[PDB]
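J.: sequence first, structure after; it's an experimental one.
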Number of protein chains: 2
Amino acid sequence: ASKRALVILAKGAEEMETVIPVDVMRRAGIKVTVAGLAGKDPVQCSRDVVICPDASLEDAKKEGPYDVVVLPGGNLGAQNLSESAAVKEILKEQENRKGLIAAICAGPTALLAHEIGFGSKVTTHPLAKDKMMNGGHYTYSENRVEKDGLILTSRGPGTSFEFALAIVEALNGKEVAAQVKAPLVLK
Amino acid sequence: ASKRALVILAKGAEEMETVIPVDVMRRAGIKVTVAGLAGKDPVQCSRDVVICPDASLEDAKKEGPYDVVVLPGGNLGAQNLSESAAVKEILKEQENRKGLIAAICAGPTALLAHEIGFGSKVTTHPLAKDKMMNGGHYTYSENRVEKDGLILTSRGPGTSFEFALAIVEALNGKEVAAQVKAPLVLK
């Protein structure tokens, strides 16, 4: 049975951090839903790329649960995720069911906002460290990808492939991740 | 004066190879136009990410010339570019004015189709090599990014950052490229 991923897309999301994981997860045969935080309408990303979501978050929630919930970064996108009661509910439910949660760049700061995964080792973009670490609820890591059980984090646009492949490995295994990796021409 | 980039977006384009260069070029202060080959409507990319172009190619052509014309890959997207008389005209005009042309993955096969840059050293995705080399009109390279004067090529999703940063270096210089690079968290 195919694994399923929910990617929550908000205004101001980092479009590289959105598209790389969506594409790589689809290469891995994961059924990915790109869900618009605000609704069904197109989303203006941080560098003005406009992406049309597959579904509203409201609708996508009804088709869960998902094997992974993915939070892209982009400071303004992460703040929008952090402010959403809907995202809070999705992440609490995911945590409660022992499902994977993955967040990149500023994205992990939404975990802090929603009190998700306290006690985990995490990374973030270097510029988001102080925000993430307010209160000392997580232990900080400078690894490019950090995985502490069901909380998987990463640092920035340039770690997005590693982040996506970690998600693929977690869901579909090392062999699949290696098979997906080779045609990407990664260094 | 800000440099200007035209990114030609066709159905079946590799969305990572589209978004990474657009985003990185915008980080570099380049004015980027994402132009829809088929018109103004949203474009369904190779892994089903849907991107809304800034303008139709028809309209974008009227606002040129551009300091770089960028051709994403994706086999089906590259074939659509290869089949377009409009793309042929844009690339001929760019070549004629001694402007940069950049193409990644299968994208360089559109240069072959339109008889652009013959005699240049080029790279492509490994799987696109035989197509690109039909006739022996280019000299093949396995470098991750290849630049032979005004023809700049690269290999795949995993070389997209290097490709984009090469474009930035060519247009705006080494210092700008290094300043843009650092916050990306590249390895």
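T.: Looks like it arrived, so ask away. Numbering: from 1, shown residues only, chains lettered A, B, ... in the order given.

J.: so which bits of chain A are right by chain B?
T.: Near chain B, the residues belonging to chain A are A:14-16, A:19-20, A:22-23, A:26-27, A:34, A:42, A:46-52, A:125-127, A:144, A:155-159, A:161, A:183-187 when assessed by Cβ under 8 Å from any Cβ of the partner chain. Using the backbone N, CA and C atoms, a C-beta is placed for each residue, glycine as well.

J.: drop anything exposed from these.
T.: Neighbour-count burial (16 or more other Cβ atoms under 10 Å in any protein chain shown) applied to those gives A:14-16, A:19-20, A:22-23, A:26-27, A:34, A:42, A:46-47, A:49-52, A:125, A:144, A:155-159, A:161, A:184-185.

J.: what about residue A:99, neighbour count?
T.: As a burial measure, residue A:99 scores 17 neighbours (other Cβ atoms under 10 Å in any protein chain shown).

J.: what about it, distance to residue B:86?
T.: According to Cβ to Cβ, to the nearest Å, residue A:99 stands 47 Å off from residue B:86.

J.: for the nearest residue to residue A:104 once chain neighbours are set aside, what are its contacts?
T.: The spatial neighbour of residue A:104 that comes closest, neighbours along the chain excluded (Cβ to Cβ, 6 or more residues apart in numbering or on different chains), is residue A:154 at 4.4 Å. Shown in contact with residue A:154 (Cβ atoms under 8 Å, 6 or more residues apart in numbering or on different chains): A:102-105, A:123, A:144-146, A:160, A:162-163, A:166.

J.: from the buried ones among the residues of chain A next to chain B, which ones fall inside helices?
T.: Among those, the ones falling in helices (DSSP state H) are A:15-16, A:19-20, A:22-23, A:26-27, A:161.

J.: identify the farthest-apart pair in those residues.
T.: Within these, A:15 and A:27 form the most distant pair, 18.1 Å apart (Cβ to Cβ).

J.: show me where chain A has strands.
T.: A:4-9, A:31-36, A:43-44, A:50-52, A:55-56, A:68-71, A:100-104, A:121-122, A:139-140, A:145-148, A:151-154 (DSSP state E).

J.: indicate which one of these is closest to residue B:69.
T.: Nearest of the strands of chain A (Cβ to Cβ): strand A:50-52, 20.8 Å.
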